[PDB]
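Working notes for the structure below.
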Amino acid sequence: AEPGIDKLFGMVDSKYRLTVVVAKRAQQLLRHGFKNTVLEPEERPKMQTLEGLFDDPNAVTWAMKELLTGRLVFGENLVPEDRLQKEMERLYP
Amino acid sequence: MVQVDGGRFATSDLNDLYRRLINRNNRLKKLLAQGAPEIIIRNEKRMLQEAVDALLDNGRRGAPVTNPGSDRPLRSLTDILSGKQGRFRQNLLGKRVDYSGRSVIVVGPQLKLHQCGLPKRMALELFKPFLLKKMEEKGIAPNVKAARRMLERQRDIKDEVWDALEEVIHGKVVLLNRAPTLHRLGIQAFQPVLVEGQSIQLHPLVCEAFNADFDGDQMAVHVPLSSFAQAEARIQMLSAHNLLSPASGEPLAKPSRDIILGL
Amino acid sequence: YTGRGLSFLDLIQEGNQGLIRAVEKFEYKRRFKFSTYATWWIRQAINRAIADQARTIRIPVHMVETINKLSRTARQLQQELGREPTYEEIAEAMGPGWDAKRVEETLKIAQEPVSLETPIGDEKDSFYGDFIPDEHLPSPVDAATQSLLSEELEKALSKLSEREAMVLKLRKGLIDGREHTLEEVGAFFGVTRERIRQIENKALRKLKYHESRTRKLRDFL
Amino acid sequence: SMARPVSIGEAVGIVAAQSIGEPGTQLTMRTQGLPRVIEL
Amino acid sequence: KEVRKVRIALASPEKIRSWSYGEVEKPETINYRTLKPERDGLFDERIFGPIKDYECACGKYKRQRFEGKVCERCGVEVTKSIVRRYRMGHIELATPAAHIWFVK
Amino acid sequence: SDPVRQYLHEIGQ
Amino acid sequence: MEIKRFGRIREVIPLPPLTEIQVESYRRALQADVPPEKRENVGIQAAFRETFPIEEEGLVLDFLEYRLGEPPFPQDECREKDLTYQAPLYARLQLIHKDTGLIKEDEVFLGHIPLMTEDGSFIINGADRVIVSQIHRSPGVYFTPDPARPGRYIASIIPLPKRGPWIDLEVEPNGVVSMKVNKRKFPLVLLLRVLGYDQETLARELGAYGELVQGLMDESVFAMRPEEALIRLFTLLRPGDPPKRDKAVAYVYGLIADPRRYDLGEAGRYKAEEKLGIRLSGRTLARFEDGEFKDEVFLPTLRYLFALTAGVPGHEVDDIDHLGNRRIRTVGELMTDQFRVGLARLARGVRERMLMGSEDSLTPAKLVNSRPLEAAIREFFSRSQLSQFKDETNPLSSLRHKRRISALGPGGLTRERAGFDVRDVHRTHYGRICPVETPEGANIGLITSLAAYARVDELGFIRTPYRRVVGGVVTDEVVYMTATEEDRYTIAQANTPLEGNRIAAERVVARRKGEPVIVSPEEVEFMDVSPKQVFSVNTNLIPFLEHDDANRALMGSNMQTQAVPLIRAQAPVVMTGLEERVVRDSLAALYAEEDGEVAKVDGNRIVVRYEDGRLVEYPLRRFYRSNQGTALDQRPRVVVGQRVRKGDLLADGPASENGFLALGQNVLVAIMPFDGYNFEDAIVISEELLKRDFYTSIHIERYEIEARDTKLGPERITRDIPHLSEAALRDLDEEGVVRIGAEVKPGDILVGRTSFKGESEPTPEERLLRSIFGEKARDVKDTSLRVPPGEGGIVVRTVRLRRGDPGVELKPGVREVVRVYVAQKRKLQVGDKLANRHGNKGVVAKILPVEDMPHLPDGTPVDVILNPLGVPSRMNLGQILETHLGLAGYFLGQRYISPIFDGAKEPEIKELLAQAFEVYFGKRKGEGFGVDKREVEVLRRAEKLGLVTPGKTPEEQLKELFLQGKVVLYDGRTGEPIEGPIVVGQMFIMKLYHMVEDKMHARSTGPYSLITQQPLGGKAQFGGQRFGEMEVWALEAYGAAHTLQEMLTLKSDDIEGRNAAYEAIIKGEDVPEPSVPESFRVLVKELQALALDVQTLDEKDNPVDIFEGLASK
Amino acid sequence: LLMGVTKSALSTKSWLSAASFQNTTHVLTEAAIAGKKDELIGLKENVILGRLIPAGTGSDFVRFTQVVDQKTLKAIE
DNA sequence: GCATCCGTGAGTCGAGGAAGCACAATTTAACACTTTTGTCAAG
DNA sequence: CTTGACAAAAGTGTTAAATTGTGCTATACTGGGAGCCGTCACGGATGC
Ligand SMILES: [Mg+2]
Ligand SMILES: [Zn+2]
């Protein structure tokens, strides 16, 4: 099973809301090149390569780990979509 | 009206139905212009009505219209949209898809519940666009088109392609499907494990849900592409998450024949 | 005349057209019965209609008569030689001006198209149309490489001057879509024909130099 | 499938149809068995 | 905008003519020798559009610069060839013919 | 229902 | 390796020729060897005498004789040149001018009749084909009860298929007997009057039954003349036609009295005479002679119907599924029927040609056009449902295909329109149709096999042999008899004990009309020849069949057909006795014609010096590719100077070992679970099988390419392909074809071809690219033939056919065709399917090294590990008994013949196991070894399970286990024994034709369909997987809205979406939001073509254009 | 009123789902005359048009959910 | 109310791919001559 | 930045073959031909 899947299901009122949050956060991480992550350097997902350990390229894996931390805020009608993207682009060029 | 590779022409049956209607319509115009008797005009009008009927719905009224030299009825507009082979059930409610494979299944007892054994050569073809990007990122190929030429010939594939493919599939999942898909557990998402060989390795605990034995069954492989498609498969459709039966609520991934016997 | 590509009622209505023509031209002064003179026009009208409406791809009457004569000659030789004639025997029997090449071309012309809905196998779930690819629309691979080439060519043209890039993109039809000429581009910039070919040759030489030093553009060729 | 209250947005109509028809093959056919279900 | 509803209705003779880009007057499909579509036929380029992108039948216009233009020599619109999947024609019946769906 | 029979009957009048 | 034979039943007669159902019927149809004056009126000779003489009504075209010539090309040439193996047909016809009285005779060429090879198949367009026999209702007169109304019966008169309409006679509730023809009902009183029947005749004949005759005594029409009654009947049958005497008599005569349009058949006429107790002069319902109609069958049919309704003892209803009421149409009858249809078309052409055009100067050559005849014959052998692609995976596959009986085809049942009744095993199937062998699935009971001893008679009714029993002694007189004849006798069973020839048992198990009964020896009238006559050839090859469930024996017999030939194929240790006959009757091996001495032996030919002195050279078929791709080769089994007797084996065919059918390998088997690799029918094998090349087969693939004439120019098969390096062209010879012996892998070039590019201006970016690099665009492009994905091997053969070559009839515009044969040697691998004769099948899931497999205490590892959990549910205990006998045979070095239902019993197997233990354990004692410590632990456990007797010595307890087929087995991984004794033995396992190499397929992108623009399907076309309705439901149930939308749009038919998706992935980006599918656009336009205005609206009901402005005027 | 599953499905309000099930000619001939408008409510209609089905992650209850981290949230506020 | 007829429906994947002829009207293939680039020196 | 000279290359005007379209045959002919055939269920439809 996915790590912490039981905790993830308990954090939302509908299991399909969990998928929407994770999939949207995965797109945000990909769009900004993982520079907007809420994960500390000791917490970043890693993959084992022949050269050595590198950052995990799977943004769905990152979003699940981030959402377990509790530093992400999700909901409906939080901020305007245009205003949200413009601020996030400014913070993370 | 397409020309096949051999130079022969292939056409649909609607062209014959349209041609008859036009031939009869033009002939009626000529007969009307010549002041033909009513019997001739009436017969021509009756044929014109029947030509419209055949084009719209062939075989509904009277003898079906067949192409001369054969007894196969011509396919009309109504036949195109109706039936099990019509537009709705064959092309709208179900489709053939890209990024899909198929092979024989064998049992993988060493796998985890969320894992499957995907052959390397199926995985190379299924994840080809992702692989070409990864090959370009590393020094394997200068660009994507050069990378694609490398994979065309089997003897030109180097040993670093398999390392890149291992990197491509990390974290991703694929959908395994066995027909008939009687219930929703006939499609399940698994984390692929690249294996040497040509057969898909299936976990023993999911055989009951798939209704699969190992006397020659085959399964289909599908690759969800976007983050939404991956997130849905990894969260909702993963095998390790669907352990109870939706019909009754009882366990559906549970110890089976040999496992019960040993315990 | 049934079984030659037209249905029975279609033959009747085409025959009626010949009958109308016969009435117009019939002369009772000659004391011949009407059925004698009408039979010529009815058969003519039916035969012409078969020559015009029995094929999805229409073949002119003169070519249809050639095909009919060629089929008869092959049939006569086939029953006389006790085997299927080759193109040489058919051509020789047809007469002067006919060789084996012409017989093969005529037979190739006389090939009817095959239906896209013909079943294959006992199961009625497979047809010809399911095995014919569409080769008109570009594939996803072809579309991608065209965009990749356009992106790479645009980057290569950046190293060129502002005017040198414009000349090549006008002469090669990268702007208006259609190739321009030395004079037409010359009117655009107010320069004569001779100068443009010199600067274009110079700009083309620079692109060869840059491509040689990078080799980032040879794969698309 | 989860032993917890159903989440809003689930296609229970499809799940109901699949649940009923999946064991349809196991029903005896020989007013009894699958013919009884079909008339009902 | 976004498709929210799909409506089905009867088509008047006026609407059928408004759909059509031209009347199909001949049963000819393509030429037997040149394999090109025949004029006024079931595959006419002047009705259903060009076979290849931005190219008329007579081959006078062959580039996108003349987009949305109709060649005066041949009458074929200079546009994308994919419009051939979407453009309909029509047949003007000499006498009215009933629709079999609303009869049988 | 048979167009040929219907035509033959009509011309027989 | 001696062979020990079991059994007590002495078979009095051998098996009939196994392909005589095909071979004998076609000889009768053609009659090519009997002189023309001695030909009987059957086959095409009857068809000639039926259509001819052709009369214009004063020109007559008469038929005198026909003849068949030698085939133009031999069989091997036809296969290589894609020809049909056929013989020219000539007919001697004479034209008679009845006016003048002049006869002109000449021989006309009527075309070619396809010839049957010696094995019973045809070569149609270079491909082997088999015509499958068809079972249908026999023609005749039948009396079935009315289901709607009890106590009433309906008479049905059935002619030959497509040889007349079905006739129904029913007594209506009013009392009027109604005759139904062509779905039209009318009173039989009218037609009976047309036949010249008065009131006194009917009262005299049919008046002895009751009020039924009073229902046939309507005097409103009896006073009416037969001429006027005939016109009244003609009006009722066809209303509208102008009533004319000449037209009316023509229709009625053609309906029931015309031999050329109504044919009751030889079988139908025989059944009618047998049932109604009359004698038919011909094969028609009535005869028209002397300008009047004479009745043949209506009165006897009505007499039987009336008497049956009344309840006379001698009359009974007819069981339509009774196998005496069902007949077989063989290849000879099916061909003749199509020959007659084509001959009628030729006669129609002659009639319409002899009334117009130089009537005085006519010849039989000018009138006769044989094109309708050749078209009908070629249609039957190519586009018939019964004309099937020959199944030749192994010799048994081809033997089975020729003995198959199909209820489908033109003139038969429909797959979905067939009820349980046609699919059931009728009681009369005993000895005539195999009860077990049938295709499981939608065709169960619709395709069947002929039983081993059964034969089809002249009339098409299956017969089975029975031994005559008189006075309680069984004689050697064997009588072949049909199901209807079999119902009259008490037939005993073949296992009845006999003391010499006298029946010894006081109680004899017998059958009376299919019901099992117990009788005395003096009540027995016939006896079964053998238990083998109940089953087909495939089912007779299953040892210990009596211990297997029928559902699993069906799988066993079907899977034997799918077994591939092996380079080290070996005959089973336990056989039934038919292995030698199958190879002999399949004509795959080579046998000596008579006594002689072998002169030359080679891998290519064998030369034998016979006793009479003649030298005969036999070329050996080497590495030939069958229809299925398997390699079929013959290997010499004789040496130079060896003396051979008549019938001695010279060379093994495919899948035969010294003349014994060898479909697999004999391997050491342990029946035990192993680490979950045996799970759910999976099989574990050892690597030692691969080391010694067991289950290794040779498969050949054929690749074809054509050079065509095109408007742009001719395609060239050449080595000079543009833009190719020398590495890609290394294996191609100067002619552009790959050299023989080269190893080819996917993507390699087999045949190099260049095609002229279509005239089209290049894109500006490409043109700038060419300008930068200074490369001139060529006029030709690569269209060469390459090895497909997943394929390859060794090039063994190249065939090059060119236009104008002798016998090469290339299609117009094709300059040449090149065929490449690539052979690969396939070893057993994971995913390959194995099976035994008892229905146990599975795929190889694990290949273990030799040091990991369980082994015997002497150090011998087992080869295959089978899961015991596949036995109890399937109830196929024959594999267990085969394994026990195999274990005994493995240590005694011998093979066994145990016939089905009369063979090895457990006491005989146990005495063989006692001998095998003596050599297996006595060897250990002599070598100086006692009982293992590990064996002692297992014996201690075994006595706790009750497997051995307490208090015995270990040797005695080890022997007790051995007599049960169990041994102490060690684990190769730990060295410790398995805690329980394991059933280990030697079992015969087949490698089936289903291989994962031919089934693995994947695809990212590829060809798309023309209209829907969706991916094509199939591995051959590099197609996608069908995501049907049920798969969509699963995604909907999961709630995967975005996964479902991608498969509907981005991955199937969203042209803009799929192009943007691929471009996004290779750029490292996420795929874009999809758009409207192209199939929905096809839906809208197709709905608009029906004059329906379909419009897509938005939230505010405003139209939304889904065609991007491309369809708006 | 009680009706079977076949009759209940064929009498549904959406002509697209009814036409794709059975009686395509009958369903379409009645829909065309009535000028019926399909609101795309169920699952089959959305599948036919290739839209996002109104179930699971395509349902309006959860479809518009937004995710944002704390630092960006303060920047917007 | 009741037979009778007409229509519609009946699992999924896969793998198999038979006139001629004359004459007129129209289109097309060849040249022959301009007009227009393309490419040189001259600057 | 041009300025004349040349050399193909595409455009234009006749010109004939080659192809294609159409009219015309005068003893007397006057209503077609293959269908033939093993389910069973429902709902509905005038009809009576
Ligand atoms: Mg299975
Ligand atoms: Zn144009």
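Order of appearance sets the numbers: ligands from 1, and atoms from 1 within every ligand. Side chains included, hydrogens not; waters and symmetry mates left out as well; all remaining heavy atoms used. Protein chains get the first letters and strands the later ones, always in sequence-line order, with residue 1 at the start of each.
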### Task
Have a look at the Zn ion (ligand 2) and estimate, to 10 degrees, the angle subtended by SG (E/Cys71) and SG (E/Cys58).
90°

### Query
Would you call E/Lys60 and E/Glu72 a salt bridge, using N to O less than 4.0 angstrom?
yes

### Query
Taking just the N, O or S atoms of B/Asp213, which one is nearest to the Mg ion (ligand 1)?
OD1

### Task
Output the atom name for the N/O/S atom of B/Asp217 with the smallest distance to the Mg ion (ligand 1).
OD1

### Query
What atom name does the N, O or S atom of B/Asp215 nearest to the Mg ion (ligand 1) carry?
OD1

#### Entry: Side-chain H-bond candidate by donor/acceptor type, G/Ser697 with G/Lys991, under 3.5 Å
yes

### Query
Can you say whether the rings of B/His222 and G/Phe1027 are parallel (under 30°), tilted (30 to 60°) or perpendicular (over 60°)?
perpendicular

### Query
Is G/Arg1026 paired with G/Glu1029 through a side-chain N to carboxylate O contact shorter than 4.0 Å?
no

